[PDB]
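Asks: Pasting in a structure now, in structure tokens, and then I'll have a few things to ask.
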Ligand code: HEC
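In PDB author numbering, the protein residues as written are 1 to 86.
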């Protein structure tokens, strides 16, 4: 995975709702490490699944983003949560 490419994908596709690791639609489901851990979402597998297929009001990105781009954005989230958002 490529977290740098991931940051590009995040900026273009995710920051509308998750700027600063928040969640503008469903406020407690943030991208902070502690919340990812709490919800079982602190892994590449988990983030890829949810980005790909969606969850409730979290959009699915299958088709929109290529599989590699989904992998890279997952890497970005994990890295950013580790470094800055928690
Ligand atoms: C609004 C239109 C959103 C956009 C754009 C993106 N996300 Fe999202 N995300 C959104 C919601 C409403 C939710 C909660 C879903 C639920 O009901 O549980 C989410 C959740 C996530 C999570 C998990 C967070 C956690 O459990 O604490 C992740 C990892 C996530 N979203 C990632 C993510 C990425 C990488 C995005 C762009 C490709 C993205 N989201 C866009 C709302 C919206």
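Backbone N, C-alpha and C define an ideal beta-carbon position, used for all residues, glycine too.
What is the DSSP secondary structure of residue 36, reduced to helix, strand or coil?
Replies: Correct three-state label for residue 36: helix.
Asks: Helix, strand or coil, according to DSSP, for residue 24 in the structure here?
Replies: Three-state DSSP puts residue 24 in coil, outside helix and strand.
Asks: Could you check if residue 74 is buried or exposed, using at least 16 other CB atoms within 10 Å of its CB as the buried criterion?
Replies: Per the 10 Å Cβ criterion, buried.
Asks: Cα-Cα, which of 85, 82, 79 and 23 is closest to residue 59?
Replies: Among 85, 82, 79 and 23, the Cα nearest to that of residue 59 belongs to 23.
Asks: Any heavy atom of ligand 1 closer than 8 Å to the Cβ of residue 44?
Replies: Residue 44: no, Cβ never under 8 Å from ligand 1.
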